[PDB]
Amino acid sequence: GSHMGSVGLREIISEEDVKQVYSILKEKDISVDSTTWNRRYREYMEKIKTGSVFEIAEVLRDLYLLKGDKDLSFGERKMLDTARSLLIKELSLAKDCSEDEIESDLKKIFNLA
């Protein structure tokens, strides 16, 4: 049984995956190249609809480190606005609080504040 698609799951997860997801974005050396960024926008744009939880978190993360700052540009904010509403949605399980738990934790992950 071979397949080179998505990880398998969608968004329905528990605190188990949440701990793993944070570990994916915990690294700061993931900063994508500018020449490749133009094409990365395309793949990541589909990850918002077809991409799994482990992918959504990588998407918004790349966009955050691509700017190297907190208040992202209008261009990154366009796709990030969607990936944000999905970031806290899956992680909501382990959040056990307001959206600020994950939304503000971005500063601790991407080192913004």
# chains A, B, ... in the order shown; residues from 1 in each chain; ligands from 1
>>> closest_atom_pairs(of="stretch 28-78 of chain A", to="stretch 89-95 of chain A", cutoff="12 Å", atoms="only C-alpha atoms", output="Markdown table")
| residue | atom | partner | partner_atom | distance |
| --- | --- | --- | --- | --- |
| A:52 | CA | A:90 | CA | 9.7 |
| A:53 | CA | A:90 | CA | 6.6 |
| A:54 | CA | A:90 | CA | 9.6 |
| A:55 | CA | A:90 | CA | 11.5 |
| A:56 | CA | A:90 | CA | 9.4 |
| A:57 | CA | A:91 | CA | 9.5 |
>>> write_last_selection(atoms="C-alpha atoms", output="PDB file, in the first residue's frame")
ATOM      1  CA  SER A  52      -3.647  18.654   7.096  1.00  0.00           C
ATOM      2  CA  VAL A  53      -3.170  20.183  10.615  1.00  0.00           C
ATOM      3  CA  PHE A  54       0.604  19.433  10.528  1.00  0.00           C
ATOM      4  CA  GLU A  55       0.711  21.360   7.176  1.00  0.00           C
ATOM      5  CA  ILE A  56      -1.536  24.387   8.218  1.00  0.00           C
ATOM      6  CA  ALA A  57       0.829  25.115  11.104  1.00  0.00           C
TER       7      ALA A  57
END
>>> closest_residue(among="A:19, A:108, A:47, A:26", to="residue A:7", atoms="only C-alpha atoms")
A:47
>>> select_by_dssp(residues="chain A", states="alpha helix (DSSP H)", output="MDAnalysis selection string")
chainID A and resid 15:25 34:47 53:67 74:95 100:109
>>> closest_residue(among="A:2, A:49, A:109, A:77", to="residue A:27", atoms="only C-alpha atoms")
A:109
>>> atom_distance(atom1="atom CA of residue A:20", atom2="atom CA of residue A:86")
16.2 Å
>>> closest_residue(among="A:96, A:17, A:71, A:58", to="residue A:83", atoms="only C-alpha atoms")
A:58
>>> residues_around(residues="residue A:106", least_positions_apart="6", cutoff="9 Å", atoms="only C-alpha atoms", output="NGL selection string")
:A and (61 or 64 or 112-113)
>>> write_last_selection(atoms="N, CA, C and O atoms", output="CSV table (one decimal), in the first residue's frame")
chain,number,residue,atom,x,y,z
A,61,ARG,N,3.5,29.6,9.7
A,61,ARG,CA,4.8,29.7,10.2
A,61,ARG,C,5.8,30.2,9.2
A,61,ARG,O,6.5,31.2,9.5
A,64,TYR,N,5.0,33.8,8.5
A,64,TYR,CA,5.5,34.6,9.6
A,64,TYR,C,7.0,34.9,9.6
A,64,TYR,O,7.5,36.1,9.6
A,112,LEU,N,8.5,36.5,17.9
A,112,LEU,CA,8.0,37.8,17.5
A,112,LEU,C,8.0,38.8,18.6
A,112,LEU,O,8.2,40.0,18.4
A,113,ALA,N,7.7,38.3,19.9
A,113,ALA,CA,7.6,39.1,21.1
A,113,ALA,C,8.0,38.2,22.3
A,113,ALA,O,9.2,37.7,22.3
>>> closest_residue(among="A:29, A:99, A:81, A:46", to="residue A:111", atoms="only C-alpha atoms")
A:29
>>> closest_residue(among="A:63, A:9, A:79, A:32", to="residue A:51", atoms="only C-alpha atoms")
A:9
>>> atom_distance(atom1="atom CA of residue A:14", atom2="atom CA of residue A:82")
21.3 Å
>>> atom_distance(atom1="atom CA of residue A:103", atom2="atom CA of residue A:21")
14.1 Å
>>> closest_residue(among="A:18, A:24, A:13, A:80", to="residue A:41", atoms="only C-alpha atoms")
A:80
